[PDB]
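Have a look at the structure below, then the notes.
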Amino acid sequence: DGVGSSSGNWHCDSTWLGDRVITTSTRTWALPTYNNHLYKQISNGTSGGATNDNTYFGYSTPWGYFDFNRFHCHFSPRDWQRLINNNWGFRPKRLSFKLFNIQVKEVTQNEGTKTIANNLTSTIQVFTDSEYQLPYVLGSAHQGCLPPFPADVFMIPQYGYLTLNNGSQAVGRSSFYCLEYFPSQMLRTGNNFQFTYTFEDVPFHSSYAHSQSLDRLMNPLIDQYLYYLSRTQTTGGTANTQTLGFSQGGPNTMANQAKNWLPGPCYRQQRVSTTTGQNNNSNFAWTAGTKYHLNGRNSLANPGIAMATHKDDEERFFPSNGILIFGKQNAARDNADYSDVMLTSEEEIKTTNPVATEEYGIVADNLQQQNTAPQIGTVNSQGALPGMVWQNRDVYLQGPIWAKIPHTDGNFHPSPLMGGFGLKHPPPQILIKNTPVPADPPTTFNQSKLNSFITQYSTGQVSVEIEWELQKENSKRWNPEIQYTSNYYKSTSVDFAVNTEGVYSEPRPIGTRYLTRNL
Amino acid sequence: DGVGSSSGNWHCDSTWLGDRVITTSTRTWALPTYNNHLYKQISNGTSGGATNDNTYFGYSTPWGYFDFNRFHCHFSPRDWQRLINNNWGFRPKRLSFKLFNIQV
Amino acid sequence: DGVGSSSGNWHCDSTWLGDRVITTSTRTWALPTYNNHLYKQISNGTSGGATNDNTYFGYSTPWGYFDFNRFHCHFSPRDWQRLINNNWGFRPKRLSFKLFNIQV
Amino acid sequence: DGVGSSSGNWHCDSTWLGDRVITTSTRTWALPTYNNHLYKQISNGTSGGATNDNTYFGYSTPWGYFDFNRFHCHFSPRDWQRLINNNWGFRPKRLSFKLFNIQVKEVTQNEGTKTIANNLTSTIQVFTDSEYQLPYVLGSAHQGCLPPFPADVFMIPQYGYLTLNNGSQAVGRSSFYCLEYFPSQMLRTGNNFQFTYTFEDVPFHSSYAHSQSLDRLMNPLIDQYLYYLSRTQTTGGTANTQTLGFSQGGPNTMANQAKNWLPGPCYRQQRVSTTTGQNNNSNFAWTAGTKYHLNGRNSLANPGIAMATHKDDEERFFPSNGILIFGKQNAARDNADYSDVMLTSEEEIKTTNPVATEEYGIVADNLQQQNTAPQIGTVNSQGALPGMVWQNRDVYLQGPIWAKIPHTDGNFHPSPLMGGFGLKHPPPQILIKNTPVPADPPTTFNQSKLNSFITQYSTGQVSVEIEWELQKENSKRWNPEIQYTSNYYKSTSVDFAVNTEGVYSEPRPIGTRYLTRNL
Ligand code: NA
Ligand code: NA
């Protein structure tokens with residue numbers, strides 16, 4: 220381990236071995252000094268115009284962190300295509316992480332003149348929250364992950380966290396965490412860091428779409444032996460009185476047939492069209508938003524439980540806050556136009572999951588008698604019911620991979636709503652920080668903590684290797700399947716490539732459900 | 220032991236084992252040149268307004284020194300709470316000290 | 220086992236061993252004759268003012284029963300404090316029950 | 220272990236073996252039901268006429284306890300005489316305790332007619348506070364110890380204790396103890412109990428008087444080589460001016476001689492004569508009492524540090540609260556007459572310890588000059604000084620044996636002031652209680668704790684055997700020693716024997732210091 224010796228090589232590749240695929244990606248990173256080496260209490264109350272739904276109390280820290288919770292951090296577009304076009308499923312098995320070729324640079328600023336040089340003896344500090352003692356900030360769809368394109372140099376995100384709050388104030392249970400309290404490895408140029416991790420057992424992601432629907436599992440050609448109430452009143456003319464008539468469900472009465480299952484849970488969202496002219500002329504994104512109520516404040520149930528984005532022929536419709544939406548390259552942070560973002564679609568699950576913008580179904584609302592007509596009620600919120608079956612939200616090339624399951628007494632189907640794998644012991648948080656280097660101190664002793672430091676930052680490479688287990692497709696479907704494919708005809712540029720300006724871009728969201736499977 | 224190699228890691232932690240608790244803390248320090256590298260006779264007599272109760276004779280040296288004779292140098296607030304809320308007593312047994320990642 | 224010999228001692232205590240705590244409590248009890256040694260059908264219908272939400276049918280028996288389904292049956296206030304101030308969790312593992320020094 | 224079988228024999232004896240003496244005594248006891256089987260908060264504040272110096276907060280318990288912390292519980296008068304007339308010292312080594320021949324009786328009360336019968340199936344509970352977790356109530360000179368006379372049946376004392384208080388109220392640190400929280404042995408008639416204990420290493424008690432005094436250790440016949448300032452002014456007539464004259468201490472100037480030691484510490488007490496006519500005519504027992512000030516309240520330093528009761532020829536004088544005082548048989552509890560009590564005397568220690576009613580000595584009080592005569596100050600309170608030597612208070616046949624040293628960070632010469640051996644781990648407290656036996660309960664369930672119990676009490680024997688180590692006398696004194704002796708001439712009764720009424724009595728206090736020893 221010396222100044223003149225590399226401490227690691229560039230490992231970027233993918234190998235397919237059978238029921239496994241191993242991805243490996245390396246990137247060059249840059250880490251500045253955050254918070255001026257300080258920890259700062261940050262808060263936001265209800266003063267000014269800040270609403271109560273957005274209050275918070277927490278801290279910003281001088282630390283940065285590595286994040287690769289995004290599929291494109293590991294799969295190239297072509298690899299993603301190889302995965303989704305041929306496998307009914309897949310899942311993470313184990314990973315290796317490495318930090319190397321570290322270099323700490325210090326910048327001198329005198330008379331407009333700026334010079335940067337190495338500080339051969341400075342160190343960075345690194346450690347993993349292997350015992351999950353820090354607030355788990357990963358799994359919240361934050362920016363700062365390794366770039367999709369291998370040639371892009373990225374900046375390391377700053378670590379910050381939240382605790383309990385009451386307005387802009389802290390409460391008795393509010394917790395303060397000092398990351399310097401943890402043992403951490405100190406590396407100088409020449410030193411490297413690495414660790415291994417094994418994923419817990421988790422189900423394969425459903426990278427397939429159903430080629431059958433819950434309400435169409437019977438034999439088209441045979442009647443049931445079971446009967447259903449088919450008539451409640453006579454029909455012979457005008458002397459119509461009450462009676463009781465029963466019939467057997469059959470090919471023409473599939474909606475009446477007795478069935479064994481029920482569609483998945485529902486939490487109805489407001490519908491909105493991509494054809495603005497068809498929408499009400501008001502600003503309802505928030506006022507008509509589907510939300511949950513937690514201790515006084517409201518949050519969008521975004522994207523909320525997995526529901527079909529729209530029913531047959533209505534591609535223009537989508538749940539106001541019930542789908543993942545990515546931005547196109549350079550889309551504005553605020554009020555970006557529809558043509559600057561990319562809406563995803565969980566259309567593939569219409570097959571088992573209720574459509575996100577409609578009722579779950581209908582229930583009786585009273586007791587009918589001869590003097591009281593029967594009444595019905597529309598169900599727009601339907602929790603788990605015995606016999607329900609459903610699918611989870613799909614995952615995307617540019618979407619999240621996993622999330623830490625909250626440590627609670629209970630929960631229900633812990634599949635992270637934004638999509639992905641829910642893990643009790645997810646990949647550990649990897650914290651990194653440039654060690655503060657005092658600028659000359661006074662010549663006579665003083666109690667005060669130093670606050671004058673040499674200006675510096677660090678850079679180096681990072682590698683992440685993940686082994687994935689594949690669940691091969693075993694279909695007897697005779698006719699060809701749907702497959703993700705590149706466009707055929709000429710185009711100004713190549714999809715999933717760089718610009719004349721060297722800018723890489725992801726033209727569209729790529730899901731995972733192309734192959735089909737029976738129910 | 221080289222220019223490009225760290226000579227120690229950051230050890231800051233606490234472990235409770237039964238009738239023992241081990242504290243470990245690391246800090247970053249800075250040391251200036253003191254007394255211009257000199258030893259100086261320093262004194263204070265009874266002239267001016269200086270009272271006799273405060274007279275003294277000694278020396279200032281070009282040296283610095285490490286001091287961790289203060290409980291919070293070892294126990295975090297929470298650890299101190301764990302200690303005082305559950306034990307009738309405690310006492311120091313042994314220690315390890317280390318200086319590393321030195322840069323002039 | 221004789222008239223003049225105790226058939227058990229008073230065990231009331233608590234011991235903390237690490238990831239375990241063993242509670243032990245003894246009490247003196249009294250048992251009368253219930254229901255005049257009889258089993259009786261007991262019922263409550265919707266007559267008088269008794270609402271339907273409270274109707275019931277069952278039996279009262281000549282038997283008594285032991286119950287210690289209440290944490291204070293095992294933890295003293297101080298022990299409860301030792302438990303809740305230092306542990307993220309706890310749970311029951313096994314138990315021993317004993318009846319002795321019986322006198323009719 | 221049966222109803223018809225004794226569970227122990229009567230062991231009362233003494234055997235002398237050399238440097239050891241083993242005492243053994245058995246007594247018959249009776250234990251009633253205390254506090255109606257209840258624990259009760261007891262308090263005493265500053266209301267009515269109750270002074271602040273006497274406030275307190277604590278609890279009375281349903282338990283009784285065994286106490287044998289009194290030498291006459293083990294030594295007969297003759298044995299005590301054998302001990303003190305022949306040994307320079309002695310100390311406790313180990314003990315055995317036993318409870319047996321237990322019988323629980325229940326009393327029926329109907330129409331003035333009272334009958335008592337056995338309750339063959341009832342139990343008593345016994346246990347030792349072997350880990351010193353309960354307030355140590357022994358060592359406070361309380362009544363209730365085994366009787367001096369073997370034939371006397373005694374009643375077991377009730378256990379109660381005190382915690383912190385503020386007036387008649389408790390405070391945050393006040394502790395409540397439940398003795399049923401402790402494991403305890405349950406015995407029916409037929410069962411027995413016993414335990415063993417070993418005394419910690421402790422110095423031999425000084426059962427001797429010094430035949431030399433601190434200020435008379437030199438050779439009567441030789442001068443010192445050392446000099447002392449003997450003259451400060453000339454003497455030749457009236458032209459007397461200052462000068463400096465020095466001399467050598469010698470046989471006629473022993474008070475001036477240089478010496479190596481200093482008399483023991485001092486805490487001056489007010490003197491009082493047994494000839495009432497010589498005392499001031501006022502009620503000064505409390506107002507002139509020697510006391511210590513602890514958190515707002517005052518206590519008599521009684522008897523306080525060990526000091527000689529009186530100097531030569533003043534047997535009639537004694538410290539108002541600086542000596543142990545026992546009562547004669549049947550002396551009233553309150554305002555007993557002088558002729559009804561027995562004052563002890565620590566006269567034997569005049570030899571090293573200051574007299575309790577005089578100064579420790581004299582010190583300079585200023586800086587003398589030619590224009591300022593020297594001044595002196597009388598010292599009435601003198602704490603430990605390098606070079607001091609002293610003796611402890613003597614112990615008495617009817618006095619206490621040991622006391623538990625308070626659990627504190629520090630202390631000084633932990634010899635219990637009332638006299639005896641100070642132990643960090645003294646004999647454990649032995650608690651005993653009759654188990655409550657419900658009288659018939661109601662026939663239909665009720666939440667309330669039972670409060671109706673069968674009336675009963677218990678009785679049985681108790682044995683205590685203690686082994687004492689003796690320090691034999693090794694004197695070369697030619698002439699006979701002083702010895703405790705029975706009176707020679709006729710008397711109405713025999714000292715240390717019973718009455719025509721069968722009442723045993725101890726005519727006088729018997730100390731321990733008869734043999735002599737050089738310094
Ligand atoms: Na493409
Ligand atoms: Na006598």
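Protein chains in written order, with UniProt numbering: chain A, 220 to 738; chain B, 220 to 323; chain C, 220 to 323; chain D, 220 to 738. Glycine included, C-beta positions come from ideal geometry on N, C-alpha and C.
- Distance from the C-beta of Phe715/D to the nearest heavy atom of ligand 2 is below 7 Å.
- The residue from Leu616/A, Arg612/A, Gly641/A and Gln617/A with its alpha-carbon nearest to that of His626/A is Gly641/A.
- For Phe319/A, the number of other beta carbons within 10 angstroms of its own is at least 16, and it is reported as buried.
- Note: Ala527/D is bridge-paired with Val574/D in the DSSP secondary-structure output.
- With a threshold of 7 Å, the Cβ atom of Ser710/A does not count as near ligand 1, since no heavy atom of the ligand is closer than that.
- Here DSSP, grouped into helix, strand and coil, assigns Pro619/A to coil.
- The straight-line gap separating the alpha-carbon atoms of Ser244/C and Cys292/B is approximately 43 Å.
- Of all residues in the segment 399–415 of chain D, only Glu399, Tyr400, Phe401, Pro402, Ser403, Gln404, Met405, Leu406, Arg407, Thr408, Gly409 and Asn410 come within less than 7 Å of chain C when Cβ atoms are compared, listed by chain position.
- By the CB criterion at 8 Å, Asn288/A and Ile620/A fall inside the cutoff.
- Not flagged as an interface residue toward chain B: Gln702/A, since no C-beta distance is shorter than 8 Å.
- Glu720/D carries a coil assignment under DSSP once its states are collapsed to helix, strand and coil.
- Counting other Cβ atoms within 10 Å of its Cβ, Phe418/A reaches 16 or more and is therefore classed as buried.
- Taking CB atoms only, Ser315/C has no neighbour in chain D less than 8 Å away.
- Note that the segment 717–725 of chain D does not touch the segment 403–418 of chain D; fewer than 3 beta-carbon pairs, one per stretch, sit closer than 8 Å.
- Leaving aside the five residues that flank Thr247/C on each side, none in its chain has a CB nearer than 7 Å to its CB.
- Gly308/B carries a coil assignment under DSSP once its states are collapsed to helix, strand and coil.
- In this structure, the C-beta of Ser705/D approaches ligand 2 to less than 7 Å from one of its heavy atoms.
- Contact residues of the segment 281–296 of chain A toward chain B are absent (C-beta to C-beta distance below 7 Å).
- Counting only Cβ-Cβ distances below 8 Å, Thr247/B has contacts in chain A at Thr654, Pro655 and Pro657, in chain order.
- In chain order, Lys324 and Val326 place their CB closer than 6 Å to the CB of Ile335/A, counting only its own chain and leaving out the 5 sequence neighbours on each side.
- In its chain, beyond the 5 residues on either side, no residue has a beta carbon closer than 6 Å to the beta carbon of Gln588/D.
- Across the set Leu562/D, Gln601/D, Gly515/D and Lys652/D, the C-alpha of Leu562/D shows the shortest separation from the C-alpha of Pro726/D.
- Within the DSSP secondary-structure output, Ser226/B pairs in no beta bridge.
- At a cut-off of 8 Å between beta carbons, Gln675/A makes no contact with chain B.
- Looking only at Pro281/B, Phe285/B and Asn305/B, the smallest Cα-Cα distance to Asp238/B is reached by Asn305/B.
- Closest by C-alpha distance to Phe401/D, out of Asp232/C, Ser225/C, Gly221/C and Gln322/C, is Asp232/C.
- Rounded to whole angstroms, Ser466/A and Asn479/A show a C-alpha spacing of 18 Å.
- Between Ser295/B and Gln601/D, the alpha-carbon positions lie close to 46 Å from each other.
- Against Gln344/D, the close residues of chain C are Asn228 and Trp229, in the order they occur along the chain (beta-carbon pairs closer than 9 Å).
- Assigned with DSSP and collapsed to three states, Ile624/A falls in coil, not helix or strand.
- Within the model, the alpha-carbon separation for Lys312/A versus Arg297/A is close to 21 Å.
- Residues of chain B with a Cβ closer than 7 Å to the Cβ of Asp348/A do not exist; the shortest Cβ-Cβ separation is about 13 Å.
- By the beta-carbon neighbour count (other beta carbons within 10 angstroms, threshold 16), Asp559/D is exposed.
- About 6 Å separates the CB atoms of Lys652/A and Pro281/A; that is less than 8 Å, so the two are in contact.
- For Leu339/A, the nearest CB of chain B lies under 8 Å from its own CB, placing it at the interface with that chain.
- Across the structure, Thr462/D and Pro422/D are spaced so that their CA atoms are roughly 52 Å apart.
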